[PDB]
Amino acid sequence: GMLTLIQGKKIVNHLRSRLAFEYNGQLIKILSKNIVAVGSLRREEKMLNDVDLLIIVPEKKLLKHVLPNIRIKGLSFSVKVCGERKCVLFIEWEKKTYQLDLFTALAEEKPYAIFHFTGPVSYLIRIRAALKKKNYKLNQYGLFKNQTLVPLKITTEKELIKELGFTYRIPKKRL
């Protein structure tokens, strides 16, 4: 279902403290630090068909356990599909049902992933096509030339966009 951006912010603010995964029986929570609102929500659209968040896992081994054992404090939800990298929830928010998408990225790959998951799709098609015609492949995980990772001395998404050879835009003016 669709929801306003204001409802979206309220929903996200609720979840920031109430997400967790169980690791061999014990329940570890995800810190707000490692939760990033993305998708149409970060683009600040008036209407949203889903709520997308991206969770930063600080260790590669934990990808096994985070999304497939995701838990939400006191909130009814069903699982649509779920793997190690993408998890789609149907959440119940005040007697209504909204689609909630979760995704995972490790620390090394955080800037590349934030750029991918905020979009929009048309914006990235044009960016990756431009880099495709210089023999580059760019994905959520990194930038590649000859099946090899290109080491960019970067940290933020903003430094990445400029290092790829385009001007940084606030997310809400990417089209």
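All residue numbers refer to positions in the sequence shown, first residue = 1.
*Asks:* Check the entry's C-alpha temperature factors for 162-170 and 11-19, then say which stretch has the higher mean.
*Replies:* Here the higher of the two C-alpha B-factor means belongs to 11-19.
*Asks:* Do the CA atoms of 93-101 or those of 80-88 have the higher mean B-factor in the entry?
*Replies:* Looking at the record's C-alpha B-factors, the answer is 93-101.
*Asks:* Which one of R128, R43, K29, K110 shows the top CA temperature factor in the record?
*Replies:* Out of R128, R43, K29, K110, the record gives the largest C-alpha B-factor to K29.
*Asks:* Going by the recorded CA B-factors, say which third of the chain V121 sits in, lowest, middle or highest.
*Replies:* Within its chain, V121 is a highest-third residue by C-alpha B-factor, going by the deposited values.
*Asks:* Just say lowest, middle or highest third for the CA B-factor of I114 relative to the other modelled residues in its chain.
*Replies:* Lowest third of the chain for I114's C-alpha B-factor.
*Asks:* Going by the recorded CA B-factors, say which third of the chain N34 sits in, lowest, middle or highest.
*Replies:* Middle third by C-alpha B-factor.
*Asks:* Going by what the PDB entry lists, where does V66 fall on CA B-factor within its chain: lowest, middle or highest third?
*Replies:* For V66, whose C-alpha B-factor we compare with every modelled residue in the chain, the answer is the lowest third.
*Asks:* Can you tell me whether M47 has a C-alpha B-factor in the lowest, middle or highest third compared with the other modelled residues of the same chain?
*Replies:* Tercile = highest for this residue's CA B-factor.
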